[PDB]
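Asker: Take a look at model.pdb, PDB, C-alpha atoms:
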```pdb
ATOM      1  CA  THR A  50     -58.134 146.779 115.362
ATOM      2  CA  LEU A  51     -54.516 145.619 114.982
ATOM      3  CA  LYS A  52     -53.193 143.223 112.336
ATOM      4  CA  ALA A  53     -50.585 140.547 112.879
ATOM      5  CA  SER A  54     -49.382 137.190 111.644
ATOM      6  CA  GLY A  55     -46.749 134.533 112.253
ATOM      7  CA  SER A  56     -45.855 131.511 114.416
ATOM      8  CA  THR A  57     -48.564 128.917 114.927
ATOM      9  CA  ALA A  58     -46.911 127.904 118.236
ATOM     10  CA  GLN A  59     -48.498 130.985 119.830
ATOM     11  CA  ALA A  60     -51.936 130.541 118.144
ATOM     12  CA  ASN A  61     -53.877 129.062 121.122
ATOM     13  CA  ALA A  62     -52.300 131.582 123.485
ATOM     14  CA  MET A  63     -53.080 134.473 121.090
ATOM     15  CA  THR A  64     -56.791 133.557 121.227
ATOM     16  CA  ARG A  65     -56.540 134.311 124.968
ATOM     17  CA  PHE A  66     -54.259 137.349 124.412
ATOM     18  CA  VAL A  67     -56.799 138.934 122.039
ATOM     19  CA  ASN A  68     -59.886 138.080 124.122
ATOM     20  CA  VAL A  69     -58.190 139.549 127.182
ATOM     21  CA  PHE A  70     -57.239 142.500 125.010
ATOM     22  CA  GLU A  71     -60.751 143.014 123.639
ATOM     23  CA  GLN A  72     -61.871 143.099 127.214
ATOM     24  CA  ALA A  73     -59.017 145.306 128.386
ATOM     25  CA  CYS A  74     -59.607 147.874 125.686
ATOM     26  CA  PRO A  75     -63.321 147.874 124.800
ATOM     27  CA  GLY A  76     -63.912 148.398 121.067
ATOM     28  CA  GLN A  77     -60.400 147.273 120.096
ATOM     29  CA  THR A  78     -59.327 143.877 118.791
ATOM     30  CA  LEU A  79     -56.531 142.162 116.928
ATOM     31  CA  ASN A  80     -56.427 140.074 113.753
ATOM     32  CA  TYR A  81     -53.945 137.233 113.906
ATOM     33  CA  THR A  82     -53.100 135.006 110.972
ATOM     34  CA  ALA A  83     -51.308 131.866 112.214
ATOM     35  CA  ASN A  84     -48.935 131.146 109.347
ATOM     36  CA  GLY A  85     -45.434 130.410 110.583
ATOM     37  CA  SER A  86     -42.502 132.479 111.806
ATOM     38  CA  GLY A  87     -41.242 132.460 108.188
ATOM     39  CA  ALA A  88     -44.405 134.287 107.039
ATOM     40  CA  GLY A  89     -44.357 136.374 110.249
ATOM     41  CA  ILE A  90     -41.034 138.208 109.633
ATOM     42  CA  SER A  91     -41.521 138.562 105.851
ATOM     43  CA  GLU A  92     -44.964 140.106 106.117
ATOM     44  CA  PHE A  93     -43.792 142.437 108.916
ATOM     45  CA  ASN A  94     -40.738 143.470 106.839
ATOM     46  CA  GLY A  95     -43.015 143.950 103.820
ATOM     47  CA  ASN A  96     -45.054 146.541 105.713
ATOM     48  CA  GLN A  97     -48.053 144.169 105.636
ATOM     49  CA  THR A  98     -48.640 143.857 109.394
ATOM     50  CA  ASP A  99     -48.306 145.891 112.617
ATOM     51  CA  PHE A 100     -46.354 143.284 114.566
ATOM     52  CA  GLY A 101     -45.173 139.763 113.788
ATOM     53  CA  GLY A 102     -45.052 136.681 115.992
ATOM     54  CA  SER A 103     -41.982 134.496 115.607
ATOM     55  CA  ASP A 104     -40.169 131.829 117.615
ATOM     56  CA  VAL A 105     -36.841 132.877 116.194
ATOM     57  CA  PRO A 106     -35.744 136.486 116.584
ATOM     58  CA  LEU A 107     -34.659 138.573 113.569
ATOM     59  CA  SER A 108     -31.302 137.746 111.999
ATOM     60  CA  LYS A 109     -29.062 140.740 111.213
ATOM     61  CA  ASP A 110     -30.246 140.813 107.611
ATOM     62  CA  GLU A 111     -33.876 140.761 108.611
ATOM     63  CA  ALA A 112     -33.167 143.287 111.380
ATOM     64  CA  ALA A 113     -31.952 145.822 108.808
ATOM     65  CA  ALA A 114     -35.030 144.983 106.709
ATOM     66  CA  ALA A 115     -37.265 145.787 109.639
ATOM     67  CA  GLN A 116     -35.328 149.001 110.300
ATOM     68  CA  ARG A 117     -36.230 150.253 106.804
ATOM     69  CA  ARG A 118     -39.749 148.911 107.390
ATOM     70  CA  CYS A 119     -39.923 150.822 110.656
ATOM     71  CA  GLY A 120     -37.815 153.925 110.052
ATOM     72  CA  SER A 121     -36.489 152.763 113.442
ATOM     73  CA  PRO A 122     -34.901 149.630 114.927
ATOM     74  CA  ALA A 123     -37.126 146.534 115.428
ATOM     75  CA  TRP A 124     -37.396 144.751 118.804
ATOM     76  CA  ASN A 125     -37.751 141.069 119.635
ATOM     77  CA  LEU A 126     -40.202 140.950 122.553
ATOM     78  CA  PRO A 127     -40.876 137.492 124.133
ATOM     79  CA  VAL A 128     -44.311 136.982 125.712
ATOM     80  CA  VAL A 129     -44.839 133.269 126.259
ATOM     81  CA  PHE A 130     -42.860 130.063 126.298
ATOM     82  CA  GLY A 131     -43.826 127.030 124.285
ATOM     83  CA  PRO A 132     -42.781 123.580 125.348
ATOM     84  CA  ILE A 133     -42.149 121.464 122.261
ATOM     85  CA  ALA A 134     -43.839 118.069 122.569
ATOM     86  CA  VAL A 135     -42.729 114.940 120.750
ATOM     87  CA  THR A 136     -46.159 113.551 119.962
ATOM     88  CA  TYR A 137     -46.755 109.998 118.713
ATOM     89  CA  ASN A 138     -49.623 107.645 117.839
ATOM     90  CA  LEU A 139     -49.213 104.079 118.968
ATOM     91  CA  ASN A 140     -52.299 102.189 120.058
ATOM     92  CA  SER A 141     -52.094 101.123 123.704
ATOM     93  CA  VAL A 142     -48.815 103.008 124.190
ATOM     94  CA  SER A 143     -48.977 105.814 126.790
ATOM     95  CA  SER A 144     -45.496 105.479 128.163
ATOM     96  CA  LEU A 145     -42.811 106.171 125.536
ATOM     97  CA  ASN A 146     -39.263 107.336 126.420
ATOM     98  CA  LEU A 147     -36.949 108.837 123.769
ATOM     99  CA  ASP A 148     -33.577 110.533 124.033
ATOM    100  CA  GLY A 149     -31.744 113.076 121.905
ATOM    101  CA  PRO A 150     -29.698 110.567 119.931
ATOM    102  CA  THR A 151     -32.577 108.177 119.034
ATOM    103  CA  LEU A 152     -34.881 111.126 118.461
ATOM    104  CA  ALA A 153     -32.351 112.491 115.941
ATOM    105  CA  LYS A 154     -32.103 109.135 114.172
ATOM    106  CA  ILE A 155     -35.856 108.895 113.789
ATOM    107  CA  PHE A 156     -36.200 112.377 112.268
ATOM    108  CA  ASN A 157     -33.203 111.985 109.988
ATOM    109  CA  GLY A 158     -34.612 108.657 108.804
ATOM    110  CA  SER A 159     -31.906 106.337 110.116
ATOM    111  CA  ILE A 160     -34.529 104.679 112.347
ATOM    112  CA  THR A 161     -37.582 103.419 110.504
ATOM    113  CA  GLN A 162     -39.225 100.982 112.884
ATOM    114  CA  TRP A 163     -40.729 101.340 116.419
ATOM    115  CA  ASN A 164     -39.229  98.201 117.930
ATOM    116  CA  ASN A 165     -35.792  99.327 116.805
ATOM    117  CA  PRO A 166     -33.399  98.404 119.657
ATOM    118  CA  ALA A 167     -32.358 102.029 120.307
ATOM    119  CA  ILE A 168     -36.018 102.778 120.916
ATOM    120  CA  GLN A 169     -36.457  99.469 122.859
ATOM    121  CA  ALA A 170     -33.423  99.951 125.141
ATOM    122  CA  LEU A 171     -35.121 103.123 126.403
ATOM    123  CA  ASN A 172     -38.408 101.293 126.974
ATOM    124  CA  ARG A 173     -37.626  98.398 129.304
ATOM    125  CA  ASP A 174     -41.053  97.986 130.933
ATOM    126  CA  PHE A 175     -42.849  97.020 127.625
ATOM    127  CA  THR A 176     -42.407  95.502 124.125
ATOM    128  CA  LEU A 177     -42.578  97.741 121.067
ATOM    129  CA  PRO A 178     -44.592  96.584 117.987
ATOM    130  CA  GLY A 179     -42.809  95.676 114.740
ATOM    131  CA  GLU A 180     -44.412  98.455 112.758
ATOM    132  CA  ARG A 181     -43.053 101.415 110.741
ATOM    133  CA  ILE A 182     -42.499 104.967 112.063
ATOM    134  CA  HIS A 183     -44.333 107.744 110.204
ATOM    135  CA  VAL A 184     -42.467 111.039 110.738
ATOM    136  CA  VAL A 185     -44.576 114.194 110.263
ATOM    137  CA  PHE A 186     -42.810 117.533 109.699
ATOM    138  CA  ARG A 187     -43.848 121.134 108.994
ATOM    139  CA  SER A 188     -44.081 121.944 105.294
ATOM    140  CA  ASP A 189     -43.918 125.732 105.758
ATOM    141  CA  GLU A 190     -41.359 128.088 107.258
ATOM    142  CA  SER A 191     -41.528 127.305 110.957
ATOM    143  CA  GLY A 192     -40.167 128.375 114.334
ATOM    144  CA  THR A 193     -41.176 125.163 116.053
ATOM    145  CA  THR A 194     -38.964 123.501 113.426
ATOM    146  CA  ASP A 195     -36.014 125.862 114.006
ATOM    147  CA  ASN A 196     -36.007 125.370 117.746
ATOM    148  CA  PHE A 197     -36.623 121.612 117.589
ATOM    149  CA  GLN A 198     -33.738 121.001 115.185
ATOM    150  CA  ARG A 199     -31.438 123.079 117.393
ATOM    151  CA  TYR A 200     -32.357 120.843 120.318
ATOM    152  CA  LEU A 201     -31.490 117.818 118.150
ATOM    153  CA  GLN A 202     -28.179 119.387 117.182
ATOM    154  CA  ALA A 203     -27.272 120.173 120.804
ATOM    155  CA  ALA A 204     -28.535 117.052 122.588
ATOM    156  CA  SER A 205     -27.930 114.175 120.081
ATOM    157  CA  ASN A 206     -24.127 113.822 120.285
ATOM    158  CA  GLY A 207     -23.909 114.112 116.501
ATOM    159  CA  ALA A 208     -26.547 111.555 115.388
ATOM    160  CA  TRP A 209     -28.649 114.271 113.744
ATOM    161  CA  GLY A 210     -26.089 115.323 111.133
ATOM    162  CA  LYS A 211     -28.410 117.971 109.725
ATOM    163  CA  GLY A 212     -28.870 121.698 109.991
ATOM    164  CA  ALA A 213     -31.511 123.796 111.654
ATOM    165  CA  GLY A 214     -33.343 126.935 110.563
ATOM    166  CA  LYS A 215     -36.954 127.272 109.462
ATOM    167  CA  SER A 216     -37.068 124.383 107.016
ATOM    168  CA  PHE A 217     -37.096 120.719 108.091
ATOM    169  CA  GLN A 218     -33.734 119.029 107.396
ATOM    170  CA  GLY A 219     -34.706 115.446 107.989
ATOM    171  CA  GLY A 220     -35.411 113.979 104.613
ATOM    172  CA  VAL A 221     -38.062 111.757 106.123
ATOM    173  CA  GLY A 222     -41.845 111.682 106.433
ATOM    174  CA  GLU A 223     -44.531 113.994 105.143
ATOM    175  CA  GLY A 224     -45.355 117.620 105.664
ATOM    176  CA  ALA A 225     -48.395 119.347 106.948
ATOM    177  CA  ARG A 226     -49.025 123.029 107.272
ATOM    178  CA  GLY A 227     -48.748 124.804 110.623
ATOM    179  CA  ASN A 228     -48.785 123.347 114.130
ATOM    180  CA  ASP A 229     -52.433 122.431 113.493
ATOM    181  CA  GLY A 230     -51.613 120.548 110.309
ATOM    182  CA  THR A 231     -49.122 118.248 112.012
ATOM    183  CA  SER A 232     -50.995 117.643 115.280
ATOM    184  CA  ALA A 233     -54.184 116.788 113.417
ATOM    185  CA  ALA A 234     -52.354 114.473 110.975
ATOM    186  CA  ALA A 235     -50.318 112.704 113.687
ATOM    187  CA  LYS A 236     -53.560 112.014 115.470
ATOM    188  CA  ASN A 237     -54.872 110.718 112.123
ATOM    189  CA  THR A 238     -51.847 108.668 111.027
ATOM    190  CA  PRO A 239     -51.212 105.625 113.092
ATOM    191  CA  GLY A 240     -47.546 104.987 113.708
ATOM    192  CA  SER A 241     -46.931 108.713 113.524
ATOM    193  CA  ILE A 242     -44.212 110.833 115.171
ATOM    194  CA  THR A 243     -44.048 114.639 115.091
ATOM    195  CA  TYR A 244     -43.170 117.796 117.021
ATOM    196  CA  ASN A 245     -45.780 120.249 118.442
ATOM    197  CA  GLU A 246     -46.101 123.171 120.830
ATOM    198  CA  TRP A 247     -47.767 121.986 124.041
ATOM    199  CA  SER A 248     -51.213 123.499 123.276
ATOM    200  CA  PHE A 249     -51.623 121.563 120.067
ATOM    201  CA  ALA A 250     -50.640 118.218 121.590
ATOM    202  CA  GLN A 251     -53.199 118.682 124.339
ATOM    203  CA  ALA A 252     -56.274 119.794 122.428
ATOM    204  CA  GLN A 253     -55.808 116.891 119.994
ATOM    205  CA  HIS A 254     -55.172 114.550 122.901
ATOM    206  CA  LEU A 255     -51.907 113.175 121.578
ATOM    207  CA  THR A 256     -49.650 111.010 123.703
ATOM    208  CA  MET A 257     -46.374 112.865 124.337
ATOM    209  CA  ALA A 258     -42.921 111.274 124.645
ATOM    210  CA  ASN A 259     -40.966 111.331 127.907
ATOM    211  CA  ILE A 260     -37.544 112.786 127.016
ATOM    212  CA  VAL A 261     -34.436 111.104 128.492
ATOM    213  CA  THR A 262     -31.932 113.830 129.338
ATOM    214  CA  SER A 263     -28.209 114.654 129.807
ATOM    215  CA  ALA A 264     -29.016 115.092 133.530
ATOM    216  CA  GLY A 265     -30.036 111.477 134.154
ATOM    217  CA  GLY A 266     -33.683 112.489 134.091
ATOM    218  CA  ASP A 267     -36.832 111.096 132.484
ATOM    219  CA  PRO A 268     -39.308 114.090 132.372
ATOM    220  CA  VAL A 269     -42.798 114.584 131.041
ATOM    221  CA  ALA A 270     -43.739 118.208 130.234
ATOM    222  CA  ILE A 271     -45.058 119.797 133.458
ATOM    223  CA  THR A 272     -45.028 123.299 134.926
ATOM    224  CA  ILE A 273     -42.152 122.568 137.325
ATOM    225  CA  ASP A 274     -39.780 120.930 134.819
ATOM    226  CA  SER A 275     -40.259 123.430 131.981
ATOM    227  CA  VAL A 276     -39.655 126.348 134.377
ATOM    228  CA  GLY A 277     -36.621 124.484 135.751
ATOM    229  CA  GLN A 278     -35.196 124.741 132.228
ATOM    230  CA  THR A 279     -36.520 128.218 131.507
ATOM    231  CA  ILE A 280     -34.621 129.263 134.633
ATOM    232  CA  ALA A 281     -31.174 129.204 132.975
ATOM    233  CA  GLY A 282     -32.277 131.200 129.930
ATOM    234  CA  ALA A 283     -30.691 134.643 129.771
ATOM    235  CA  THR A 284     -32.633 137.783 128.891
ATOM    236  CA  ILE A 285     -29.252 138.750 127.621
ATOM    237  CA  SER A 286     -28.385 138.724 124.529
ATOM    238  CA  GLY A 287     -30.198 141.888 123.460
ATOM    239  CA  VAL A 288     -28.712 145.293 124.086
ATOM    240  CA  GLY A 289     -31.508 146.539 124.494
ATOM    241  CA  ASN A 290     -35.238 146.852 124.867
ATOM    242  CA  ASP A 291     -34.582 144.173 122.313
ATOM    243  CA  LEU A 292     -34.920 141.210 124.625
ATOM    244  CA  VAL A 293     -33.405 138.523 122.401
ATOM    245  CA  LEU A 294     -33.095 135.473 124.627
ATOM    246  CA  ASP A 295     -30.321 132.953 125.043
ATOM    247  CA  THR A 296     -31.774 129.504 125.584
ATOM    248  CA  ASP A 297     -28.737 127.400 124.658
ATOM    249  CA  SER A 298     -28.588 126.005 128.200
ATOM    250  CA  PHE A 299     -31.969 124.377 127.616
ATOM    251  CA  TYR A 300     -30.989 121.316 125.593
ATOM    252  CA  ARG A 301     -28.311 119.733 127.784
ATOM    253  CA  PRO A 302     -29.386 120.465 131.371
ATOM    254  CA  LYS A 303     -27.398 119.218 134.363
ATOM    255  CA  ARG A 304     -30.245 119.504 136.850
ATOM    256  CA  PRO A 305     -32.451 116.391 136.502
ATOM    257  CA  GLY A 306     -36.176 116.376 135.938
ATOM    258  CA  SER A 307     -35.735 119.348 133.684
ATOM    259  CA  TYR A 308     -37.592 119.173 130.339
ATOM    260  CA  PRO A 309     -35.213 120.225 127.573
ATOM    261  CA  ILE A 310     -37.269 121.191 124.450
ATOM    262  CA  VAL A 311     -38.669 124.699 124.917
ATOM    263  CA  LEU A 312     -39.219 127.656 122.607
ATOM    264  CA  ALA A 313     -40.115 131.305 123.239
ATOM    265  CA  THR A 314     -42.396 133.188 120.880
ATOM    266  CA  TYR A 315     -41.553 136.815 120.123
ATOM    267  CA  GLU A 316     -43.661 139.734 118.971
ATOM    268  CA  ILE A 317     -41.488 141.620 116.492
ATOM    269  CA  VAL A 318     -42.174 145.357 116.668
ATOM    270  CA  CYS A 319     -40.888 148.791 115.766
ATOM    271  CA  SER A 320     -39.221 150.692 118.537
ATOM    272  CA  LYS A 321     -40.766 153.718 116.807
ATOM    273  CA  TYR A 322     -43.557 153.108 114.347
ATOM    274  CA  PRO A 323     -43.806 155.666 111.556
ATOM    275  CA  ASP A 324     -47.421 156.081 112.589
ATOM    276  CA  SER A 325     -48.479 157.293 116.090
ATOM    277  CA  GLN A 326     -51.808 155.399 116.059
ATOM    278  CA  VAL A 327     -50.156 152.050 115.329
ATOM    279  CA  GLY A 328     -47.465 152.324 117.973
ATOM    280  CA  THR A 329     -50.110 153.106 120.537
ATOM    281  CA  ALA A 330     -52.398 150.117 119.760
ATOM    282  CA  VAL A 331     -49.409 147.729 119.625
ATOM    283  CA  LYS A 332     -48.203 148.828 123.100
ATOM    284  CA  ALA A 333     -51.718 148.447 124.645
ATOM    285  CA  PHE A 334     -52.037 144.843 123.417
ATOM    286  CA  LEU A 335     -48.526 144.134 124.682
ATOM    287  CA  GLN A 336     -49.173 145.804 128.045
ATOM    288  CA  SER A 337     -52.205 143.487 128.276
ATOM    289  CA  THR A 338     -50.383 140.483 126.770
ATOM    290  CA  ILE A 339     -47.677 140.624 129.430
ATOM    291  CA  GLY A 340     -50.235 141.658 132.034
ATOM    292  CA  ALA A 341     -53.613 140.045 132.654
ATOM    293  CA  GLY A 342     -52.990 137.909 129.578
ATOM    294  CA  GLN A 343     -50.380 135.720 131.216
ATOM    295  CA  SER A 344     -52.431 133.095 133.093
ATOM    296  CA  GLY A 345     -51.724 130.074 130.911
ATOM    297  CA  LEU A 346     -51.289 127.222 133.423
ATOM    298  CA  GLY A 347     -52.495 124.810 130.752
ATOM    299  CA  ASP A 348     -51.126 124.959 127.228
ATOM    300  CA  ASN A 349     -48.220 127.427 127.448
ATOM    301  CA  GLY A 350     -45.716 128.671 130.070
ATOM    302  CA  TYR A 351     -46.042 132.202 131.446
ATOM    303  CA  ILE A 352     -42.988 134.482 131.465
ATOM    304  CA  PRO A 353     -41.134 134.165 134.797
ATOM    305  CA  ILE A 354     -40.509 137.112 137.106
ATOM    306  CA  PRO A 355     -36.756 137.811 136.610
ATOM    307  CA  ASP A 356     -37.549 138.628 132.987
ATOM    308  CA  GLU A 357     -40.625 140.800 133.606
ATOM    309  CA  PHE A 358     -39.234 144.151 134.793
ATOM    310  CA  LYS A 359     -37.087 144.076 131.677
ATOM    311  CA  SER A 360     -40.161 143.321 129.488
ATOM    312  CA  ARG A 361     -42.579 145.752 131.150
ATOM    313  CA  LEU A 362     -39.940 148.371 130.642
ATOM    314  CA  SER A 363     -39.439 147.540 126.927
ATOM    315  CA  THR A 364     -43.198 147.356 126.096
ATOM    316  CA  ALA A 365     -43.536 150.709 127.904
ATOM    317  CA  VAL A 366     -40.974 152.177 125.462
ATOM    318  CA  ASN A 367     -42.731 151.171 122.179
ATOM    319  CA  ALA A 368     -43.045 154.250 119.894
TER     320      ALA A 368
END
```
For this file, produce the structure as structure tokens.

Answerer:
Amino acid sequence: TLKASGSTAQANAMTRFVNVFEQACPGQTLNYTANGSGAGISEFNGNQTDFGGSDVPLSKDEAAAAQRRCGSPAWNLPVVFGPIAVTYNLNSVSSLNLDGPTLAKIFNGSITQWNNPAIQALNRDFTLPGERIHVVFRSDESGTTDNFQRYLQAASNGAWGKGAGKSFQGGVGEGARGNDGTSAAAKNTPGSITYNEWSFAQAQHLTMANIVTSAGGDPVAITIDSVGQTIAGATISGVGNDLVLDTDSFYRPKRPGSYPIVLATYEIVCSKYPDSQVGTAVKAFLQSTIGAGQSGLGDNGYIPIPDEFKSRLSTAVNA
């Protein structure tokens, strides 16, 4: 029975990954604590867990930390993609469009009302209400937050004016803990605006914003337009069975009807675990996770094929 913790973005998927795993390997299971990428790398580096789930790969300072943790180099192994929804709560509004620049101004607090003309210019077919916007952010160390702020940096033509990384840089709104804390609260706070992985926005039945793009597109999240994006992501950088991905192309696409806000969730593991028994259970799960465990179709986005012979080969090399 493995132990693991980390990103909440991969929490609904992991329920399927573990179930598939407990079927694949009868008598074996996995314990996942969904607590944020921040808590995922720290607990892995502290020799608390067997692998860690994180939407950001290790920085060079954490990579060394994991090397001492491991006695061997640590690998960033991506197993699922998470589209990042911009969820909102406006009664009778099922049709919202938002672009990078006005989505930056909302989350950095420059825009405080829903019928603000930047919001209204993008929404020509209906009148916005004169009511206040309630931004909801993540209060803990978060990979959804890192990726989402990087999208805002890339796609907002400077309107964001803030940094990225695992803590929210907006200076607006209120926090909640984990992807479940913000989806639940947004649903519960009228006027609310937040950012969630696709699975959380669905199971709470939150309206999701259509994102106006650099390409002259106006896409909803769907299978075809997330993949479209995912297509230009490179399984380079890493050297490597360390499949660190480059997704910088995601946030300013040129091919329309591509949906620009997408993260990948990594399992962070030891190339060689000090212990034989650990490195064997971690590889099984990950053989399964990338194998039968990759249906999705609903809440997440399965790993595409050009990446898979690289990934099957790196999971086959664990310990």

Asker: Determine the nearest neighbour of residue 252 in chain A from the options A:145, A:225, A:233, A:53, counting all atoms listed in the file.

Answerer: A:233

Asker: What residues come out when you apply the PyMOL selection byres ((chain A and resi 234) around 12) to this file, written as a PyMOL selection string?

Answerer: chain A and resi 136-138+183-187+222-233+235-245+249-250+253+255

Asker: Quick one: residues within 7 Å of (-45.0, 127.3, 126.8) (file frame), counting all atoms listed in the file, please, as a list in words.

Answerer: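 Here is the list of nearby residues: residues 129, 130, 131, 132, 247, 348, 349, 350 and 351 of chain A.
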
Asker: Using the chain letters and residue numbers of this document, give as an NGL selection string the residues selected by the PyMOL selection byres ((chain A and resi 210) around 10).

Answerer: :A and (153-154 or 157 or 201-202 or 205-209 or 211-212 or 218-219)

Asker: Take the residues that were just selected and, keeping C-alpha atoms, output them as an mmCIF file, in the coordinates of the input.

Answerer:
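Everything below was put into selection.cif:
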```
data_model
loop_
_atom_site.group_PDB
_atom_site.id
_atom_site.type_symbol
_atom_site.label_atom_id
_atom_site.label_comp_id
_atom_site.auth_asym_id
_atom_site.auth_seq_id
_atom_site.Cartn_x
_atom_site.Cartn_y
_atom_site.Cartn_z
ATOM 1 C CA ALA A 153 -32.351 112.491 115.941
ATOM 2 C CA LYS A 154 -32.103 109.135 114.172
ATOM 3 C CA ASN A 157 -33.203 111.985 109.988
ATOM 4 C CA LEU A 201 -31.490 117.818 118.150
ATOM 5 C CA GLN A 202 -28.179 119.387 117.182
ATOM 6 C CA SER A 205 -27.930 114.175 120.081
ATOM 7 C CA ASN A 206 -24.127 113.822 120.285
ATOM 8 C CA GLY A 207 -23.909 114.112 116.501
ATOM 9 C CA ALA A 208 -26.547 111.555 115.388
ATOM 10 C CA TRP A 209 -28.649 114.271 113.744
ATOM 11 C CA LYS A 211 -28.410 117.971 109.725
ATOM 12 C CA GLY A 212 -28.870 121.698 109.991
ATOM 13 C CA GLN A 218 -33.734 119.029 107.396
ATOM 14 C CA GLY A 219 -34.706 115.446 107.989
#
```

Asker: Taking all atoms listed in the file into account, which of A:95, A:305, A:345, A:102 comes nearest residue 118 in chain A?

Answerer: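 Of A:95, A:305, A:345, A:102, the one nearest residue 118 in chain A, counting all atoms listed in the file, is A:95.
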
Asker: I need the residue set behind the PyMOL selection byres ((chain A and resi 168) around 9) for this file; please write it as a compact mmCIF listing (two decimals) with C-alpha atoms, keeping the file's coordinate frame.

Answerer:
```txt
# COMPACT_ATOMS: atom_id res chain seq x y z
CA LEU A 145 -42.81 106.17 125.54
CA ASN A 146 -39.26 107.34 126.42
CA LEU A 147 -36.95 108.84 123.77
CA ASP A 148 -33.58 110.53 124.03
CA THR A 151 -32.58 108.18 119.03
CA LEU A 152 -34.88 111.13 118.46
CA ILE A 160 -34.53 104.68 112.35
CA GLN A 162 -39.22 100.98 112.88
CA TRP A 163 -40.73 101.34 116.42
CA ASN A 164 -39.23 98.20 117.93
CA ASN A 165 -35.79 99.33 116.80
CA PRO A 166 -33.40 98.40 119.66
CA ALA A 167 -32.36 102.03 120.31
CA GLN A 169 -36.46 99.47 122.86
CA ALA A 170 -33.42 99.95 125.14
CA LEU A 171 -35.12 103.12 126.40
CA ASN A 172 -38.41 101.29 126.97
CA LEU A 177 -42.58 97.74 121.07
```

Asker: For residue 77 in chain A, which of A:293, A:288, A:330, A:123 is the closest residue, counting all atoms listed in the file?

Answerer: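 Looking only at the distances to residue 77 in chain A, the closest residue turns out to be A:330.
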
Asker: Smallest atom-to-atom distance to residue 264 in chain A: which of A:307, A:278, A:248, A:338, using all atoms listed in the file?

Answerer: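 Ranking A:307, A:278, A:248, A:338 by distance to residue 264 in chain A, first place goes to A:307.
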
Asker: Can you pull out the residues contacting residue 76 in chain A? Cut-off 12 Å, using only C-alpha atoms, and skip same-chain residues under 6 positions away; I want them as a list in words.

Answerer: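 Final neighbour list, sorted by chain and number: residues 50, 51, 67, 68, 70 and 330 of chain A.
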
Asker: Using all atoms listed in the file, which protein or nucleic acid residues come within 8 Å of residue 92 in chain A? Drop anything in the same chain fewer than 5 positions from it, and give the result as a PyMOL selection string.

Answerer: chain A and resi 54+97-98+101

Asker: Which one of A:52, A:215, A:321, A:361 sits closest to residue 119 in chain A if you count all atoms listed in the file?

Answerer: A:321

Asker: From the set A:262, A:286, A:143, A:103, which residue has the shortest atom-to-atom contact distance to residue 300 in chain A, counting all atoms listed in the file?

Answerer: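 Ranked by minimum distance to residue 300 in chain A, first place goes to A:262.
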
Asker: Would you pick out the contacts of residue 271 in chain A at 10 Å or less, using only C-alpha atoms, so that residues sharing its chain but fewer than 2 positions from it are not included, and give the list as a list in words?

Answerer: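 Everything that qualifies: residues 132, 268, 269, 273, 274, 275, 276, 277, 306, 307, 308, 346, 347 and 350 of chain A.
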
Asker: Could you jot down the CA of residue 96 in chain A to CA of residue 320 in chain A separation for me, Å, one decimal place?

Answerer: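 Going from CA of residue 96 in chain A over to CA of residue 320 in chain A covers 14.7 Å.
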